[PDB]
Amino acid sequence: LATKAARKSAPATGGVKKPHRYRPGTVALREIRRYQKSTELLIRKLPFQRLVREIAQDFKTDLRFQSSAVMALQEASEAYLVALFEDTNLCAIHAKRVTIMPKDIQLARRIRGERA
């Protein structure tokens, strides 16, 4: 090559930019939308089964559990935790914040009558 046009023209496609990022909070909303649509449980089944067994064993030893007794506990456990968060959220928002804090969790329960 010696011809007319092409001479060390390395900077031709300058429109190709570097990386990509979602602004903080965009993904968090994507996830909310995501989990609010589903019903699958969200705590890893085995770890949960173990916590249950640990607690139970510390109230009474040598105990057995129906697979479903454990599922029943998980179902109740998350249903409870999820609702707790809805309230917690509301408290944070009341303080004109967006970040839930323990302070909110505790106010939610105080009003609810769990540690009032």
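Numbers follow the displayed sequence, beginning with 1.
Trainee: Taking the mean of the C-alpha B-factors per stretch from the entry, tell me the winner out of 99 to 107 and 10 to 18.
Mentor: Per the PDB record, 10 to 18.
Trainee: On average, which has the higher Cα B-factor in the deposited entry, 69 to 77 or 29 to 37?
Mentor: Here the higher of the two C-alpha B-factor means belongs to 29 to 37.
Trainee: Taking the values exactly as deposited, rank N89 by C-alpha B-factor within its chain and report the matching third: lowest, middle or highest.
Mentor: Lowest third of the chain for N89's C-alpha B-factor.
Trainee: Would you mind ranking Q57 by its C-alpha B-factor against the rest of the chain and naming the third, lowest, middle or highest?
Mentor: Top third by C-alpha B-factor.
Trainee: Can you tell me which third, lowest, middle or highest, the CA B-factor of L46 falls into for its chain?
Mentor: Its C-alpha B-factor, which the entry lists for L46, ranks in the highest third among residues of this chain.
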